[PDB]
Every structure is written in structure tokens, then in C-alpha cells.
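Here is what each chain is made of, one letter per residue.
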Amino acid sequence: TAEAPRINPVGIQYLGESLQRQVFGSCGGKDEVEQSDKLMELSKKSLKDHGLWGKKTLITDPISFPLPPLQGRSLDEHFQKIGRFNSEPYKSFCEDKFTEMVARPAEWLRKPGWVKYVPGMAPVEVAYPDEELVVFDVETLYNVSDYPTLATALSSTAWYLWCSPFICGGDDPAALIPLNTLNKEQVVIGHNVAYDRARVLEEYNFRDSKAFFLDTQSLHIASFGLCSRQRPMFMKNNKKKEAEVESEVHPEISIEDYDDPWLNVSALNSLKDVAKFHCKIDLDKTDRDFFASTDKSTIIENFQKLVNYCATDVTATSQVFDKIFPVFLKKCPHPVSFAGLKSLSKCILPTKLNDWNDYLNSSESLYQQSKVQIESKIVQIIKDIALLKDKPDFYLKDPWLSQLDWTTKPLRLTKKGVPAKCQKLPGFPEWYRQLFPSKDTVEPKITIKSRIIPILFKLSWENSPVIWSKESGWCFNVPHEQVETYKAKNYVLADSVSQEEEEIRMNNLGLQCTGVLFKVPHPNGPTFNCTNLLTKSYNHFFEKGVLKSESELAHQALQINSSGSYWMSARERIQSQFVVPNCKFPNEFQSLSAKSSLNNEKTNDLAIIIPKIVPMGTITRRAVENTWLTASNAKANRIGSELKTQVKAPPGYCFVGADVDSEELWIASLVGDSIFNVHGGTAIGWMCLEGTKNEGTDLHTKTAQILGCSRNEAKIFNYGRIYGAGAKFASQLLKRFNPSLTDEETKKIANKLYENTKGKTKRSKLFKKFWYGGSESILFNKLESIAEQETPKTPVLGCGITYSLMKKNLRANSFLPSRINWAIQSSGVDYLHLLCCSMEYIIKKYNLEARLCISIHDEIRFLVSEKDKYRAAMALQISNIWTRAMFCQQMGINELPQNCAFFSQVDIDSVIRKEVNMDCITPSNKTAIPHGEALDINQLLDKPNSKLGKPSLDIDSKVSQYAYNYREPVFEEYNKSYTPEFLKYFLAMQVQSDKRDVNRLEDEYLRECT
DNA sequence: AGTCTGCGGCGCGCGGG
DNA sequence: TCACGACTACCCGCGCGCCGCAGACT
DNA sequence: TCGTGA
Ligand SMILES: Nc1ncnc2c1ncn2[C@H]1C[C@H](O)[C@@H](COP(=O)(O)OP(=O)(O)OP(=O)(O)O)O1
Ligand SMILES: *P(=O)(O)OC[C@@H]1CC[C@H](n2cc(C)c(=O)[nH]c2=O)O1
Ligand SMILES: [Mg+2]
């Protein structure tokens, strides 16, 4: 009949028989069972205390379908052989690189194209360099055009120079450098090589390239570290640098080297700093002004100097790479990292030109037109106050008008005659003079966020006028009789210095002071000062009666400067993007499919953008790019927020994408559950695996429904709790989420939640400090135990830590939390690398037409033709199940839950938007977009023509030749340090919920020790 | 020699991911 | 009685206020 | 870099 589900002692389902056999082979161990009775008693006690024992779980029919066979007995061997197969030729080329350098030609010849210089022979004109490894550099004349001007390259036996046709003659500046990328496999090394890659001619194809661009910066980022932390690690480097610069003489003993030894090891990212650190070479940068000139005639002179400078940069980059590369190989010895770096290096974005131009024009025009009107409105009222010096009593009476300073500056005479020099304006108000930054300026310069406009439009708080003070930004006067009442309302009293100072301004005019000032609350209640009134998060107080507007214009001035913040932030970066149309280069836009099959129909507009991505830009080996990974999603009231919508696929092609769900939380649950050897051993693991995203019963949704907030807000709350936060901080976030809640209530909720979540703490001389009585106590204790280790490594792949963060380098100013954050975030990077390697191998094996388009952290997208659309999704699911199985096998568990094995939904679309059923309507864009589709696993299986085709035997024959070496997992050497009786006693104390029991257990171990 | 009179780098608020 | 001990993490760029200096007429 | 409890 039908198959029977497999359930462990907790109500958790495992995979079916066929999938178990195909993935894990045959593995069964009764030794886990042998000690499991003790572990199960402790786990049972915890699950009974919190209330999770006996609760219902989701049960689903088993899934079984055939899978491609593995290439090894275990997952580690299979991934090792695949990783070596993907990266073999380039890895051979990168090693055994030349050490000695070829001398330079005495004279360089200016002629268009590629010229080869070999010592002892005449120069030769060549079409391509045609070499396995070169070092490369590009220079551009950026004020005139975006296209390159000259380039040079160094190889093992020759020197090469490329000169543009523009400088030789003519007036057409559009040209690109050819390198024969499509037909020859080669490695190109260079600092910030993403800039250089966008200039190569053969890169503008939809077909996959055969060249690997390697970046020295990312290698320096990953190994030897840098001052990434803005204040903890970077400011220190800056202060020691300015101390070295100022005082030329160096004392024998440094003043603070003992406190912070790590200071010596770290270095800055810019290539000059890397060169002077590693290779002790000084580089001058003076020539960069010559390429700012707007005349091609100046480039004709100083040609020799510019060429020699570029060659010097090439030599410096080569000698820097020679030092960096072996240490990177020593830190990260698994081939999967190298293959993943190669995969992440190459990306492409297709788009259209006229659409881009229309988008830019619309956004800019609306932004300027919105700004001008409100500025004019405010100038018009300032003019009348400017003439109101006469009849001083009128401004004297009004408190806001009284707050204005109406003094005037007298006139100067030199030799009894007026200089009329360095005089702003003669005998005009002093406040009005400040508005003008220069004499020549005719109209006052006034803008939203200026400090004076909350006076120009009168505004009140609790029907009380606002007054500015030196120590406290804004304060409203409150009568004495109600002061305790405002203390009841939790309003904070003003500082004593300001209260003493305000008496003089009150007693002047003969006015009287019958009240004390009360500070206007900043969003943060304690020790924060309010500065600006038109800022966001003041909108809730606005129109509630907490803040009163006598001027309706303020409301308009609030709507403007809130519909146009994003465009103000990003207009520069967006408008400066480099786009290349198809009409300029007709022969280069080539389809992904090998068979063209005609039907081009002379497509009017196409364009390609090459994103400039640094693959490793953080201590946690994450990638950086300034515009696209930091692009905002579409919003109804924000002008120009449809950026990612501009990417479109060419006809006959589509985008297939996926996103990982609850990644870091799942990794944390796994590393917590590793000790028990059973999935769901901890309470937080059971509260992670309780349900699925589709049914709506995930952990984040439950947190959202308990706290009454959105799912994103719950995500912020949970991640902040996990990395380490405070109850006051969490209560503050609850105050942001709902403005109608009294502070004491939020504090009470935060305290009860944290008391249930974390639990109590205990300090003992044998067992150091540990947590007990909490749901996530074991997860924490394991994290601090692994953070303290001498040589920390990533649990999955054994990647080492940077030199700067090592505890030997730091004897003061220790940074414990960064290590905890680093381990998990790095594990996420390892997940991404495994996904990319598996997808590449499957694509190459089954001859699918596919190429990676973009990968924003968890999110991954591909460009796939119409015929192969479902096959890519099938490959994605296979990649996901392999990656999850590898993660479980490394920790010591040989089983996997069924619910978390596969992606929830895989989406097929034509443009880049977050959800397929989104209209994406902005103030600039008034046209709806047709919907795509999203499929789960069953809807993927029942569709026809979604199965893989016939394989190729030669690929397996090539994979089979590589070798495999056994390695012991990282947690085993950690566990062999501790003796088993100490382990059983430590766990037995960690499960107790009362302090007296823990004391008794400690004494019982002391008696057993004898 | 005095007498003011601008001025660009540094740092903090404030938004995007 | 002191010994921790605190504390979301990883990134990007723009606008306004402040200060230690350069520069044009007595 | 001051603050705090068991
Ligand atoms: N406020 C945040 N604080 C710390 N880390 C964050 C934060 N936001 C996002 N991240 C980190 C942790 C996330 O697992 C990871 C990916 O972002 P995100 O997609 O929002 O989480 P997620 O993978 O659980 O989404 P989902 O489950 O809906 O697919 O980056
Ligand atoms: P955006 O699409 O919103 O974010 C994409 C990725 C997800 C993870 C990373 N990230 C985003 C945000 C908003 C954050 O605060 N911290 C992150 O690490 O960027
Ligand atoms: Mg996600």
C-alpha cells in the first residue's frame, strides 16, 4: 500500500525511503541510541517545562522522485571532486606564475590597436595578446566620454600596448578593447578589476565568457583583514596614522602598542596602502589631473610619462599579488570557495535605452517641480517680516516674534569716508543678513530643514509655544501647578542650567515667568535631544493634537520632503550609469542559444549594463555594490522607486528566481540541536520546525501576531534579540511599532519576554559562567564556547578567521560579539557557494541554456530561454536539497526533515520585481505590469517537459580522475578536549530550572571525583 | 602694525538596503 | 564587594553646523 | 566609562 511516514521520538517527520537511499546511502548508528536515553531524559524535561510536549505538528504524504546519481560515497567526496573539476584549468594557471619581469621598451609607438614588444626584436602589430595570464589596466578621459583611451599589459615574455583610434585621428570616441574572450580560456589579474571588465569588447554578449577576472582587493579583504569596523578598528588606525605623520621622530617604545598589538597587522584597502604595507613600495598619484583635461591635444604630449606610470601600476599589482595569494590558499583550502568566487565574478544586466532615458527625465522633472513651489511659499512670508523693523512693539509683543533678534550693525567710515567694502547690507536686520551667504546674492536662501522655519510657521505643542534653549533643543513652558501632572504624563523636566538662563529673557520686556520649561521628547525617551520638527517619526504626534499647526502649509511641507527623499539620496549614482546601445556595435549582441534560428526582426532597442561588484568586501566575505544591492523596492508615494523594474529580458527569454527562507535562524537551530543528536532536541528548534511558510504558521508570523506588528518588524525584533540586545532597547522598538502604548506597559512586556527567552545565569569556579532555565540557553552557551576557541573555523568548510580579530592580536579593547555574528554570517556565505557550485555542475552536465544574472545575498536569479524554463527550477530544487543534506551531515546527524528540504516557491517572470503579483505603480509610472507566476514543488512536478534530458559520459569520465582525501570534522577536535563525565555533569546542570539543584549537582560531581 | 570677512574639512542626523 | 559589563549585525551617500585658518582694506 | 547588583 502507501508508504508509512518516519517519525523520531519528537513529532517530526523525516524523508522517505527512496530519497534517504539516494542522498545518504545506507547509514545507521545505534551508538547515538546507546547514550540517547540520558540525553532524551534531559531533552524531555526541557520540552515539558516550556509547554511544547505533545503539541500537534504537520504531517504530509511522502515525496519520491528520481535524482541524478552522486559521484562519491559521501557528500564531502562528491563536493570535493566537483569543486576540483569546475576550477582545474584556472587554478593551474594561477599557480606557477612568472617571478622575474621583462624589461620595458625604451620608446613607445603611438599607433591604433595592439602592439607587442619583445626584447631584442622589432615591435610587432598583433590582433590579440593571446596569452594564458596577463596583468591589465585601463585609463579613461572621464569628463569627455566613458570609453577608454589607452591600456597596457605584461606577460611572461613580452609587453603589450593598446592605443585608441580617437587620439590618433577622427572625432568618434566610441571603441572597446578586444581580447578574444569567447574562444580562449585565460586569467586576467587586476586591482578593482570590475572597472576594467566593463571596457572589454567581448564582454557584451549573452553567451557565457571563458575568461576569469581576479581581483587582488578581495583577497586582501578576506585574508590579513582590514579596519572594517567604523569606530572600533578604523578610528584607531586613523589616530595612529596622524600621530606618525605629525611627529617625525619615532620613540624606541610605542606608547600604546601593548594595549592594542593588532594595530600593526591591519592595513587599509587602497592599493597604495596595500603596496606600502606588503611590499614597501611608494607610489605617487599626480597624473590623475591630466585625465581631467577637456582637450585631446594635451594627451598628445606627456604620452611617455602616462604610459610609464600605468606600467608602474601594473608592476606594483603583480608584486602585491605574489605575496597575497599563498596565504589565501592556506586559510581557505576547500575548492568550493574558489569555484564560488569564479561564479560570483561574472554578471550581466539586460535593459533598453529609451526606457532608461524616459525614467530619468520623468523623475528629475517631478522632483524639481515639487521643490520650487514650497521654497517660494516660504520666501514670500519672510519678506514681510524683513520690513517689520519699524514699529518695534508689534514684534515685541508676539512671543515667537519676540524670540527673533532685531539688532542692527552700524556703518563704517575710513578716513571719514565710507569704505563700502566688505559690507553685507547697510542697516538691515541681523537675522536677514545671515540668510545671504554672499553679497551678490539677491534673494534669501531658505530651505526645509533650516532651523528658523519652525518659527516662521508658528507651531505649538500641547497648545504651548515652543522656545529654543542651548542645552535642550525645543521646550514648551508648563505652569507650576501642573508640573507634577506633566511628570505623571512622563514628560521629562528641563535641565537646571537652561531653567536658570531662561529667567533673563523672561524678565526682560517686564514679562513674568510663571512656568518651567519642559523638553519636547525625541523619539528616544532617555538622553536624547530634539533638533528638527519636520522629520519623520514626528508624523504620529502631528494631527493627533500633541503637535498643533496654525499653518496648513506645514502639512504640505511635510508631504513634500517625504515624497522626494529617495531621489535626493540616489540621483547622482543612478544618473551616472554606463549603458551601451546595440546600434553602435551591431555584431556583438549574440543570443544565448547556439542556434540563432533567425527571427531577430531588427529589434529597435537593446542595451547591456555590467555591474561593478567586489566579490568579498566584508570580514564575513560578503559582496558590495553601491546601487543595485542597495536599491529600494517599489513604493506607492516615493518618486522614482521603480529602478529594478527597468531591467527587462530580450524576446524569447525569461527570468527564473528563488529566495532562501529563514536561513540564519535555521543554522542557529541546527548548531543548537547538534549536541542532542536528534532534530528538535531544543525548544527553539521545535519552534523553528513547527510548520511551513505557505500555511502561515512560521515562527516570524507567530511573533508578529503575538506582538501585533508586521512580519518585517518581527524579523528586526528577533534578529536583534539573537545577536544580543537590551530590554530597554526592545521596549523602545515596541514603542516605535505602536505609538499609543504607555512606556511602563512596553517595559513589562519586554521584561517578561526576555525572562522566558534567555533565563537565569550562574557563576561557578569549575564551570565558569553559564545560562540555565531558558529555552535558548544551550544555543547561547555553545556559541560562547566556540567563540573562545584558539583557532576558530567555519563549521561546514573549515574556513579560518582574519588576523585582526584573533584574540592573540588583542589584549585590550576586546570584541567578543563580532565573533558570534561572524560565524553565522560566514556560514551563510558557505551556503551560497555550495548552491552556486551545484547549479554550475548540473547546467554543464545536462546541456541547459542558462547563465547566472544576479545574486543579492539569499536571492538568486537566472536568465533562461523559453524552452528550458521549468528545467532550471528542477535543477534549483536539486541544488537546495544537496546543500541542506551536506549541512546536516557535517554536524553529525544523518537525517533531514522533509518540510525544510525544498524551496517554498520558485518564480518565473519577465522583469525584476519582488513579488509576481505586484502592480508597481509609482507617481512617475502610471502603467500596470502583467503578472508572472510562482510554483511550489507539486505544481513543478505535475507539469510536463520538466524532466532532465540525456547526460554526457565524457563529463563523468573527466570528473572521475581527481583524487579525494579524508578530513576529520571540526567539532570532533573540540569535543575530544573535554572528558565525558565533565560533559554529562555540565549538561545535567544546564537543564535544571532552579539554583539549588545546580548546586547539588556540582557537589555531586565533586563527590564522584574523589 | 590691525580689522574684520569668508571658507572648506570634520562630524552628526537621517534615510535606503 | 568588586568584577564584570553593558551593547543587534554587516553596508552605502547627502545635507547642515562648527572651527582653525587665508585674504582684502586701515 | 561610568553602573550595578546577590
Ligand atoms: N534587521 C536585520 N538584522 C540582522 N540581520 C538581518 C536583518 N535583516 C536581514 N538580515 C540578515 C539575516 C537574514 O537571514 C538575512 C536575509 O534577509 P531576509 O530575507 O529578510 O531574512 P529571511 O531569509 O528569513 O527572509 P524570508 O524567510 O522571508 O525568505 O540577512
Ligand atoms: P533588501 O532587498 O531589502 O536586502 C537584501 C539583502 C538581505 C539581506 C541584506 N540586508 C538588508 C537589510 C535591509 C538590512 O538591514 N541588513 C542586511 O543584511 O541585504
Ligand atoms: Mg530571505
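Residues numbered from 1 in each chain as written, not as in the entry; some residues may be left out. Chains lettered and ligands numbered in written order. Heavy atoms only, no water. Residues with missing side-chain atoms left out of burial classes, pairs and counts.

## Quick notes on the domain arrangement of chain A
No. 1: Per the domain assignment, the segments making up chain A are domain 1 (98–224 + 269–331) and domain 2 (361–559).
No. 2: Relative placement of domain 1 and domain 2: their C-alpha centres are 57 Å apart. (Domains from an automatic or database assignment.)

## Digging into the sheet that holds strand β1 (residues 113–117)
No. 1: Taken in spatial order, the seven strands line up as β2-β1-β5-β4-β3-β6-β7 in an open sheet, and their pairing is mixed. The open sheet is flanked by β2 (124–126) and β7 (211–214), the only strands paired with a single partner. Strand-to-strand twist across the sheet, computed as the mean angle between neighbouring axes with direction ignored, equals 25°.
No. 2: One ladder, built from five bridges, connects β1 with strand β5 (residues 159–163); its direction is antiparallel. Looking at β5, one finds that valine 115 is bridged to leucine 161. (Pairing = 2+ DSSP bridges. Helix = DSSP H or I, 4+ residues; strand = E, 2+ residues; numbered from the N terminus. Axes fitted to C-alpha atoms, helices over the stretch in contact; angles between N-to-C directions.)

## Regarding the coordination of the magnesium ion (ligand 3)
No. 1: On the protein side, the magnesium ion (ligand 3) has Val660 (O) and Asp858 (OD) as donor atoms, found 2.5 to 2.7 Å from it. In this pair, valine 660 is assigned in the loop between β16 (653–658) and α21 (663–673) and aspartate 858 in the loop between β19 (850–856) and β20 (859–865), connecting sequence segments 198 residues apart.
No. 2: In this structure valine 660 comes out as buried when scored by relative accessible area, which is 9%. (Donors = N, O, S within 2.8 Å, 3.2 Å for Na, K, Ca; no water. Buried < 20%, exposed > 50% of the residue type's maximum accessible area, 1.4 Å probe, protein only.)

## Examining the site of ligand 1
No. 1: In the vicinity of ligand 1, the contacting residues are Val660, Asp661, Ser662, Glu663, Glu664, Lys693, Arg711, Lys715, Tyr719 and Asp858.
No. 2: In this structure, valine 660 approaches ligand 1 through a main-chain N or O atom, which is 3.2 Å from an oxygen atom.
No. 3: Contacts to ligand 1 include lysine 715, whose side-chain N or O atom sits 2.6 Å from an oxygen atom.
No. 4: For ligand 1, the accessible surface in isolation is 600 Å², of which the surrounding protein chains cover 68%.
No. 5: Breaking the shell around ligand 1 down by element, the ones donating at least two residues are α21 and α24 (711–723).
No. 6: For the shell around ligand 1, the leading source of residues is α24, giving three residues.
No. 7: Taken together, the residues of the shell around ligand 1 break down into two nonpolar, one polar and seven charged. (Near = heavy atom within 4 Å. Polar contact = N/O pair within 3.5 Å; in protein donor to acceptor, adjacent residues only side chain to side chain. Areas by Shrake-Rupley, 256 points an atom, 1.4 Å probe, with all protein chains shown as cover. Nonpolar A, V, L, I, M, F, W, Y, C, P; charged D, E, K, R; others polar.)

## Re unusual backbone geometry
Working note: non-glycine residues mostly have negative phi, and peptide bonds are mostly trans.
No. 1: A positive phi is found at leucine 509, a non-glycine position, where the angle reads about 75°.
No. 2: Secondary-structure assignment places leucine 509 in the loop between α18 (496–507) and β12 (515–519).
No. 3: Assessed through its relative accessible area of 54%, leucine 509 is described here as exposed.
No. 4: For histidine 857, which is not a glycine, the phi torsion comes out positive at approximately 55°.
No. 5: Relative to the helices and strands, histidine 857 is located in the loop between β19 and β20.
No. 6: Accessibility expressed as a relative area gives 35% for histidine 857, which makes it partly exposed.

## Quick notes on the pairing of strand β18 (residues 768–772)
No. 1: Summarising the sheet, strand β17 (residues 760–764) and β18 pair through five bridges and their orientation is antiparallel. Along β18, the bridge assignment pairs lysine 760 with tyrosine 772.
No. 2: The hairpin turn running from β17 into β18, its antiparallel successor, is three residues long.

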